[PDB]
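Asks: Before I ask anything, let me first share the structure, which is written out below as structure tokens.
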Amino acid sequence: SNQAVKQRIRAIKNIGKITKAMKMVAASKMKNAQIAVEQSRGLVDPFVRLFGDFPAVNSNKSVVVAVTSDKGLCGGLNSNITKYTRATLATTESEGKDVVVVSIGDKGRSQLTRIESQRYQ
Amino acid sequence: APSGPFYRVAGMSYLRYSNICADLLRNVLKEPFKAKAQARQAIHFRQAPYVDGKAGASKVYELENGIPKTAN
Amino acid sequence: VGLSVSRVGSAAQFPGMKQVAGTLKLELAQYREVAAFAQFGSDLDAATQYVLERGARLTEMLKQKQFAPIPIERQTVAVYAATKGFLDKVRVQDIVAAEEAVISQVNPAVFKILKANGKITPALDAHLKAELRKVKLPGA
Amino acid sequence: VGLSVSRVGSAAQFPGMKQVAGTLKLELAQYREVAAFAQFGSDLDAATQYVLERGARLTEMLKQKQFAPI
Amino acid sequence: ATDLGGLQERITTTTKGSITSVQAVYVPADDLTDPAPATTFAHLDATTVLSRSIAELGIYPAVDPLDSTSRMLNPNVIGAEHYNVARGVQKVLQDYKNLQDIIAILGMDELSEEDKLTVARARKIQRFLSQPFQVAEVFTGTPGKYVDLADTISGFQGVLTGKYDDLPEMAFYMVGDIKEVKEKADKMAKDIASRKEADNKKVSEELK
Amino acid sequence: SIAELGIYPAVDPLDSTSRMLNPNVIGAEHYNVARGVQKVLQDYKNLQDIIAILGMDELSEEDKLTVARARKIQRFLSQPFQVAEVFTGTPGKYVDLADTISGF
Amino acid sequence: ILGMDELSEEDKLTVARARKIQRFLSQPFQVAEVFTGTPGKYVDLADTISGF
Amino acid sequence: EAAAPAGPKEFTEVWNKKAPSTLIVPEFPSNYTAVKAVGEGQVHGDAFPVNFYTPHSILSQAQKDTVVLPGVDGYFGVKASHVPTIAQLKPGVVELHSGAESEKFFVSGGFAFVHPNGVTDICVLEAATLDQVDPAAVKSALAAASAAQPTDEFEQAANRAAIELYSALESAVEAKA
Amino acid sequence: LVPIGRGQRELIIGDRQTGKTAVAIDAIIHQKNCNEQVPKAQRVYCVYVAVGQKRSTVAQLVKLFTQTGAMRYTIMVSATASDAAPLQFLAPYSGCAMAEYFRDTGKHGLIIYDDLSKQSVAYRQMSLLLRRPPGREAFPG
Amino acid sequence: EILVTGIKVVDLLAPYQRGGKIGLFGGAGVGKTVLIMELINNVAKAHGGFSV
Ligand SMILES: Nc1ncnc2c1ncn2[C@@H]1O[C@H](COP(=O)(O)OP(=O)(O)OP(=O)(O)O)[C@@H](O)[C@H]1O
Ligand SMILES: Nc1ncnc2c1ncn2[C@@H]1O[C@H](COP(=O)(O)OP(=O)(O)O)[C@@H](O)[C@H]1O
Ligand SMILES: [Mg+2]
Ligand SMILES: [Mg+2]
């Protein structure tokens, strides 16, 4: 009776040690991987300067990729672009065209094969 | 079958050609600088063809020596 | 270590321990706050991994077998051999030789001078640091 | 099932049931040992998922009505 | 137990008359294991355990659906269709209770897509068990709703099968029937369109 | 909780103590394999807190090895009993002392 | 977890303020001057308020 | 004909119909690029902005007055307002000039644009400065390259690329000024 | 999963309204199905001891037993909630003595002490009022 | 026999018997007088007998 609340306190106390360690693990990773993202932002600039940026084009075939995460403690990231996938997928496909849906990251292969399974290759 | 440059008529895409030339530049660097070469050369991912919407397939790559210069 | 108190404190301890164990309990206290990071794979700010490997070799400095108490001058040297950075930074497969190798290879005069003065003088830690670097352990 | 024990075990049940309830008793324990890892849902190497569809089909087997003994 | 049992055994239906008794039982410091509520539980055919934590959500009547029981909830007494949607409503409310601390310490982002449907449905039926009373209309302002029995069984089939996954959660809050959640889901979207409705100006009234 | 994993005899390997667990009595190789087993079993008890939050996939193979070894040790402490064959079916086994020190 | 460098301008003026508020909360005591050398200070309330 | 005008601010109209209003409009990569090509400027004299890029490193975004690029039809210099050019580059030495100073990166290939507003972009995959290459490995690699000739055409495409890159690198280290 | 034996004491324990009586009722109902089938001496004579229950619950349970036919083999001892505390205390022993007639004559009995948690409260009332000193939760020693 | 009360959580999950004992368990301020007044409002007018 009184020990069940005592060792449940032991459960939540070191979960507060796990998720405080995990937050600094993700903060160190975000710090060193921030400079790699600043570098790769340069090379995408000459191509939209040259080829433009035409999202609302009429195609017969289109490959949509959804770049999700792999481990899933990210909390509202991989679900948010699967909302933004179908918000972008359905607004561009009304011509009766073919669509291949790809996902990078296996949190999408758990999330997109049930909302778009017919077009997931 | 096709036409174009020498890589394109050999079935080699441009991204594989320009990566084969890319790591071949990285192989001849100085050893303080060649240490930073196989970091950005290693390919570590896996793929799975979803032919059905039901299950996957295979094909996993653990290449730390760059893009495959062999046929594909 | 975090729950054990002494209300008399350092005022009734060995002066050769008081200057060495003052940093021992601080670096053990830093090790308790970073104690959840020990179970991780994704390293942190090598300012915390500096705590984590030094702290986890400081706890092994306080292990002791039963019915064999240690004289005080042999404890203050073996804690000097871990708080001053003479730690087993060698790959720690070789624990059985190098754990006791400090008090057995360092010459017994430094225990007589530390016991009689009760303090690591400036004329003695220069020979303690001289004696600590010539630890042989040649079977390993 | 994890808390209900019986001191007799064998020799006090039906011999026909003893052949088929033995592979029910541990196979429900394989269902419970992995149900505390059903929040991540990565269900690796098709083993911790295979016992989920068979462990859920054994607990629904034991459900029965009231005042209708079998 | 024999003082309470001496009193409670006199309140019965006999062969020459029935007493439908409704007793309120106070649990002394919200302790249901207190010996005076625990003794009373064995003397009743239908217990309606009210919860202090359900009422803090604002759900009224604050009935715990997973602590209230009845001897009438039996398929040979109330029919198998009323019984099956009661046990399905209690199934998804227990499954939402099993997720209550994962949703606390990890949020709803890490649940499955088949359990986020469990959470969203059970968050709907625990608003749909809420109801305004004709005696609470004085201090709440909202008029009371009497719901018939068949409108409850058909209304709770619909939130279980998935017929009302379109509607928001708060459309189910404090309405009578499953008709009234549809007529409140419209009014919640007439109201967000009514910010763009008109610019109210009171003109020329100082001399009328 | 040992018994609810199906491990029998349901002996807590940590909470059990003896006066004979002493290297001056049972020898220093019986002793260190007893303390080595309790070390890896206590290490597994301290890792199961973070395995249920993470999944035992990022432990970088020094704590994936101490989980894989301790999980073998929990099963290898179980044993069929001769008096328990009449309700579990498998015949009981007598293990000698040198055959469990070298096995562990 | 991030660093002192990326702190905002209105978030590192307070850090430079709170660091010297908490230094000015310390005080030498007259009863401790017999073994610490520095003499002690009796600070009036009028000098405490304006000083903070 | 230009009867179908797609675009980022035109994507919003179809997206306010089929996609819900619960989601704000998704971003586009043009919303992060300040510099374009068709809107003139950026020259104002004899300097012009040069953007030298690998996927992992921004090597320059300064303004130069001469850029010497190794095109597939030979080396060519780019002065202040060059003709708009999409020039495919072969393995060779990209040479940046701001004045009397010169930095010589040896690139592995990858295109180079000159734009109608005078901005230029060099888009390579690996750009090594010549003091990061040791020439002892280069001649032992071309000798390993121009010797083994497999009859598979995917390898002789890779062999021609190895021949063309290592030869231009050998002449890049012997052509010291 | 939990197979019972013929002379075995098996506890049915749980919270209120978890189906404890239902498991024991399904035991008594099932014996009537088996007693019309076995040769005359593997028959099981059930005894239901209803301690501390309300009297309408017991009548709701006799009605289930006479319409099943299980009341041909069943005795029902019922010291209900209105009875005195020494009657609820003594009703498990009264019902066991009725069930021991079948044990002591070569037949097989099955006794259900429904609410044995309510016998101990009735015995606590007697012992506290005989001024025997109380113990854990004021129970007798 | 059932006694319908017009209350959704009562009619569905724990229906009331027409001649049975009914308990409303509550903890000081949770609403077991408002519920028992609503039962007076709902079932006592529709009843043909006498209330006490
Ligand atoms: N197998 C079953 N299937 C469906 N309903 C059941 C089952 N078993 C029990 N119930 C229902 O659960 C309710 C509680 O059962 P029961 O009265 O047997 O439990 P109890 O713990 O003896 O109750 P109390 O605490 O009032 O004595 C009953 O209304 C019964 O109809
Ligand atoms: N059905 C309801 N609707 C709205 N408010 C309610 C309802 N039931 C209870 N309340 C609120 O809870 C309080 C408790 O009411 P009451 O039943 O008088 O207390 P108790 O249950 O302690 O006897 C009331 O003051 C009222 O504000
Ligand atoms: Mg009962
Ligand atoms: Mg009241």
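Labels for the structure tokens follow display order: chains A, B, ..., residues from 1 in each chain, ligands from 1.
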Can you check which parts of chain J lie within 6 Å of ligand 2? Per residue, the shortest pair of atoms and distance in Å to one decimal, counting only C-alpha atoms and all ligand atoms, sorted by chain and number, as a tab-separated table.

Replies:
residue	atom	partner	partner_atom_place_in_ligand_line	distance
J:28	CA	ligand 2	22 (O)	3.6
J:29	CA	ligand 2	22 (O)	3.4
J:30	CA	ligand 2	21 (O)	4.5
J:31	CA	ligand 2	17 (O)	3.3
J:32	CA	ligand 2	21 (O)	3.7
J:33	CA	ligand 2	17 (O)	3.4
J:34	CA	ligand 2	17 (O)	4.2

Asks: Take the residues from that selection and write them out as a PDB file, in the first residue's frame, keeping C-alpha atoms.

Replies:
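The file below, result-v9.pdb, is the result:
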ATOM      1  CA  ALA J  28     -18.035  16.657  -0.479  1.00  0.00           C
ATOM      2  CA  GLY J  29     -18.678  18.926  -3.387  1.00  0.00           C
ATOM      3  CA  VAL J  30     -18.719  16.536  -6.296  1.00  0.00           C
ATOM      4  CA  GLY J  31     -22.440  16.746  -6.913  1.00  0.00           C
ATOM      5  CA  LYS J  32     -24.443  14.044  -5.193  1.00  0.00           C
ATOM      6  CA  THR J  33     -27.177  16.400  -4.057  1.00  0.00           C
ATOM      7  CA  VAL J  34     -27.511  17.943  -7.516  1.00  0.00           C
TER       8      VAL J  34
END

Asks: Which of stretch 63-106 of chain A counts as strand (DSSP E or B) under DSSP, as a list in words please?

Replies: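 Selection result, strand (DSSP E or B) within stretch 63-106 of chain A: residues 63, 64, 65, 66, 67, 98, 99, 100, 101, 102, 103 and 104 of chain A.
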
Asks: Could you pull the residues within 8 Å of stretch 60-65 of chain A, counting only C-alpha atoms, minus those fewer than 5 positions along the same chain, as number ranges by chain?

Replies: A: 89, 95-104

Asks: Hey, can you spit out that residue selection with N, CA, C and O atoms as a PDB file, in the first residue's frame?

Replies:
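Wrote it out as result.pdb, contents follow:
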ATOM      1  N   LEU A  89       0.224  17.005 -50.915  1.00  0.00           N
ATOM      2  CA  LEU A  89       0.007  15.952 -51.900  1.00  0.00           C
ATOM      3  C   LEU A  89      -1.357  16.087 -52.560  1.00  0.00           C
ATOM      4  O   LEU A  89      -1.465  16.028 -53.787  1.00  0.00           O
ATOM      5  N   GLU A  95      -5.205  16.191 -61.213  1.00  0.00           N
ATOM      6  CA  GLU A  95      -5.263  15.953 -62.649  1.00  0.00           C
ATOM      7  C   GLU A  95      -5.422  14.482 -63.019  1.00  0.00           C
ATOM      8  O   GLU A  95      -5.485  14.166 -64.211  1.00  0.00           O
ATOM      9  N   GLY A  96      -5.494  13.582 -62.043  1.00  0.00           N
ATOM     10  CA  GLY A  96      -5.541  12.163 -62.334  1.00  0.00           C
ATOM     11  C   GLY A  96      -4.176  11.641 -62.723  1.00  0.00           C
ATOM     12  O   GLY A  96      -4.025  10.953 -63.737  1.00  0.00           O
ATOM     13  N   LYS A  97      -3.174  11.965 -61.912  1.00  0.00           N
ATOM     14  CA  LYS A  97      -1.780  11.683 -62.206  1.00  0.00           C
ATOM     15  C   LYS A  97      -1.231  10.619 -61.266  1.00  0.00           C
ATOM     16  O   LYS A  97      -1.812  10.319 -60.221  1.00  0.00           O
ATOM     17  N   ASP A  98      -0.095  10.052 -61.654  1.00  0.00           N
ATOM     18  CA  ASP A  98       0.582   9.062 -60.830  1.00  0.00           C
ATOM     19  C   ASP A  98       1.385   9.756 -59.742  1.00  0.00           C
ATOM     20  O   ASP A  98       1.860  10.878 -59.929  1.00  0.00           O
ATOM     21  N   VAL A  99       1.519   9.096 -58.594  1.00  0.00           N
ATOM     22  CA  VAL A  99       2.228   9.635 -57.434  1.00  0.00           C
ATOM     23  C   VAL A  99       2.964   8.496 -56.743  1.00  0.00           C
ATOM     24  O   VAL A  99       2.371   7.451 -56.457  1.00  0.00           O
ATOM     25  N   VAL A 100       4.257   8.684 -56.495  1.00  0.00           N
ATOM     26  CA  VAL A 100       5.046   7.790 -55.657  1.00  0.00           C
ATOM     27  C   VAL A 100       5.378   8.539 -54.376  1.00  0.00           C
ATOM     28  O   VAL A 100       5.933   9.640 -54.423  1.00  0.00           O
ATOM     29  N   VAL A 101       5.030   7.968 -53.229  1.00  0.00           N
ATOM     30  CA  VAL A 101       5.337   8.580 -51.943  1.00  0.00           C
ATOM     31  C   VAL A 101       6.495   7.822 -51.312  1.00  0.00           C
ATOM     32  O   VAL A 101       6.426   6.603 -51.115  1.00  0.00           O
ATOM     33  N   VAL A 102       7.564   8.548 -51.011  1.00  0.00           N
ATOM     34  CA  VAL A 102       8.773   8.019 -50.400  1.00  0.00           C
ATOM     35  C   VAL A 102       8.897   8.654 -49.021  1.00  0.00           C
ATOM     36  O   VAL A 102       8.362   9.738 -48.773  1.00  0.00           O
ATOM     37  N   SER A 103       9.541   7.954 -48.095  1.00  0.00           N
ATOM     38  CA  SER A 103       9.864   8.534 -46.804  1.00  0.00           C
ATOM     39  C   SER A 103      11.320   8.265 -46.484  1.00  0.00           C
ATOM     40  O   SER A 103      11.814   7.154 -46.689  1.00  0.00           O
ATOM     41  N   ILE A 104      12.003   9.285 -45.983  1.00  0.00           N
ATOM     42  CA  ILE A 104      13.338   9.144 -45.426  1.00  0.00           C
ATOM     43  C   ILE A 104      13.187   9.139 -43.916  1.00  0.00           C
ATOM     44  O   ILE A 104      12.701  10.114 -43.331  1.00  0.00           O
TER      45      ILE A 104
END

Asks: Please write out the residues within 8 Å of ligand 3 as a ChimeraX atom specification, counting only C-alpha atoms and all ligand atoms.

Replies: /E:42 /I:16-17,19-22,53,114-115

Asks: When you draw a straight line from atom CA of residue I:116 to atom CA of residue I:51, how long is it in Å?

Replies: 7.0 Å

Asks: Could you work out which residues of chain C fall inside 12 Å of chain G? Count only C-alpha atoms, and format the result as a PyMOL selection string.

Replies: chain C and resi 44-45+48

Asks: Which neighbours of stretch 73-80 of chain F fall inside 7 Å, counting only C-alpha atoms, when residues of the same chain fewer than 3 positions from it are skipped, and could you give them as a list in words?

Replies: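 Non-adjacent residues within range: residues 7, 8, 9, 69, 70, 90, 91, 92 and 93 of chain F.
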
Asks: Go ahead and write the residues just picked, N, CA, C and O atoms, as an mmCIF file, in the first residue's frame.

Replies:
data_model
loop_
_atom_site.group_PDB
_atom_site.id
_atom_site.type_symbol
_atom_site.label_atom_id
_atom_site.label_comp_id
_atom_site.auth_asym_id
_atom_site.auth_seq_id
_atom_site.Cartn_x
_atom_site.Cartn_y
_atom_site.Cartn_z
ATOM 1 N N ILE F 7 11.082 -17.921 -13.728
ATOM 2 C CA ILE F 7 12.373 -18.417 -13.274
ATOM 3 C C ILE F 7 12.163 -19.127 -11.950
ATOM 4 O O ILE F 7 11.641 -18.539 -11.002
ATOM 5 N N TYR F 8 12.552 -20.394 -11.886
ATOM 6 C CA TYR F 8 12.414 -21.152 -10.661
ATOM 7 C C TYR F 8 13.695 -21.924 -10.379
ATOM 8 O O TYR F 8 14.257 -22.525 -11.297
ATOM 9 N N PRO F 9 14.198 -21.931 -9.130
ATOM 10 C CA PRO F 9 13.745 -21.330 -7.872
ATOM 11 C C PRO F 9 13.796 -19.824 -7.893
ATOM 12 O O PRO F 9 14.725 -19.257 -8.445
ATOM 13 N N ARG F 69 24.531 -10.573 -21.332
ATOM 14 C CA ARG F 69 25.118 -11.557 -20.433
ATOM 15 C C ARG F 69 24.277 -11.740 -19.185
ATOM 16 O O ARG F 69 24.119 -12.866 -18.707
ATOM 17 N N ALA F 70 23.731 -10.651 -18.645
ATOM 18 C CA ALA F 70 22.920 -10.759 -17.441
ATOM 19 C C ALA F 70 21.595 -11.431 -17.717
ATOM 20 O O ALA F 70 21.040 -12.085 -16.834
ATOM 21 N N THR F 90 9.348 -31.442 -16.633
ATOM 22 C CA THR F 90 10.719 -31.765 -16.991
ATOM 23 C C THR F 90 11.462 -32.329 -15.789
ATOM 24 O O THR F 90 11.232 -31.891 -14.659
ATOM 25 N N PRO F 91 12.313 -33.334 -15.984
ATOM 26 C CA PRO F 91 12.978 -33.964 -14.841
ATOM 27 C C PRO F 91 14.011 -33.054 -14.203
ATOM 28 O O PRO F 91 14.649 -32.235 -14.865
ATOM 29 N N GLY F 92 14.161 -33.206 -12.895
ATOM 30 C CA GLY F 92 15.038 -32.347 -12.144
ATOM 31 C C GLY F 92 16.492 -32.702 -12.306
ATOM 32 O O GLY F 92 16.852 -33.820 -12.657
ATOM 33 N N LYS F 93 17.338 -31.717 -12.024
ATOM 34 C CA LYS F 93 18.769 -31.805 -12.268
ATOM 35 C C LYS F 93 19.522 -31.439 -11.001
ATOM 36 O O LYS F 93 19.246 -30.404 -10.390
#

Asks: Can you work out which residues from chain D touch chain A at a cut-off of 9 Å (counting only C-alpha atoms) and hand them back as number ranges by chain?

Replies: D: 40-42

Asks: Could you turn the residues from that selection into a file that holds N, CA, C and O atoms, as a compact mmCIF listing (two decimals), in the first residue's frame?

Replies:
# COMPACT_ATOMS: atom_id res chain seq x y z
N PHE D 40 6.80 2.36 -27.89
CA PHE D 40 7.67 2.76 -28.98
C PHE D 40 7.15 2.24 -30.32
O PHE D 40 7.11 2.98 -31.30
N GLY D 41 6.74 0.98 -30.35
CA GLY D 41 6.10 0.42 -31.53
C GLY D 41 7.02 0.19 -32.71
O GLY D 41 6.56 0.20 -33.85
N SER D 42 8.31 0.00 -32.46
CA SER D 42 9.24 -0.32 -33.54
C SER D 42 9.18 -1.78 -33.95
O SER D 42 9.56 -2.08 -35.09

Asks: Please produce, as a tab-separated table, a per-residue contact table for chain E versus chain F (criterion: any atom at most 12 Å away, only C-alpha atoms considered), showing the nearest atom pair and its distance in Å to one decimal, sorted by chain then residue number.

Replies:
residue	atom	partner	partner_atom	distance
E:102	CA	F:53	CA	10.6
E:105	CA	F:53	CA	10.8
E:106	CA	F:53	CA	9.8
E:110	CA	F:53	CA	11.4

Asks: Write a file of the just-selected residues containing N, CA, C and O atoms, as a compact mmCIF listing (two decimals), in the first residue's frame.

Replies:
# COMPACT_ATOMS: atom_id res chain seq x y z
N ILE E 102 1.77 7.95 -19.81
CA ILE E 102 2.56 8.12 -21.02
C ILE E 102 2.21 9.44 -21.69
O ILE E 102 3.09 10.17 -22.14
N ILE E 105 3.97 12.19 -19.22
CA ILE E 105 5.42 12.43 -19.24
C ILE E 105 6.02 12.40 -20.63
O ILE E 105 7.17 12.80 -20.80
N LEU E 106 5.29 11.94 -21.64
CA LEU E 106 5.81 11.93 -23.00
C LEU E 106 4.92 12.62 -24.01
O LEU E 106 5.33 12.73 -25.17
N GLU E 110 3.95 10.45 -28.96
CA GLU E 110 4.60 9.15 -29.02
C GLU E 110 3.64 7.98 -28.95
O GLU E 110 4.09 6.83 -28.91

Asks: Could you please write out, as a VMD selection string, every residue of chain H that DSSP assigns to helix (DSSP H, G or I)?

Replies: chain H and resid 8 to 15 29 to 32 130 to 132 135 to 145 153 to 173

Asks: Measure the distance from atom CA of residue J:4 to atom CA of residue E:158 in Å and round it to one decimal.

Replies: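 Interatomic distance here is 20.9 Å.
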
Asks: Around ligand 1, at most 9 Å away and counting only C-alpha atoms and all ligand atoms, which residues are there? Put them as a VMD selection string, please.

Replies: (chain D and resid 63 to 68) or (chain E and resid 41 to 45 69 to 75) or (chain I and resid 13 to 25 53 114 to 115)

Asks: Determine, counting only C-alpha atoms, which protein, DNA and RNA residues have an atom within 12 Å of an atom of residue G:24; residues of the same chain fewer than 2 positions away are not included. Present the result as a list in words.

Replies: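 In the requested form, the answer reads residues 17, 18, 19, 20, 21, 22, 26, 27, 28, 43, 48, 49, 51 and 52 of chain G.
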
Asks: Between atom CA of residue C:20 and atom CA of residue C:72, what distance in Å does the model show, to one decimal?

Replies: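 A separation of 12.3 Å between them.
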
Asks: Using only C-alpha atoms and a cut-off of 6 Å, which residues of chain H sit close to chain B? Please list them as an NGL selection string.

Replies: :H and (108 or 125-126 or 132-134 or 137-138 or 153-154 or 157)

Asks: With only C-alpha atoms considered, list every residue of chain E at most 7 Å from chain J, as a PyMOL selection string.

Replies: chain E and resi 13+18-30+44-52+55+61-62+65+68-70+72-73+86+129+133-135+146-149+152-153
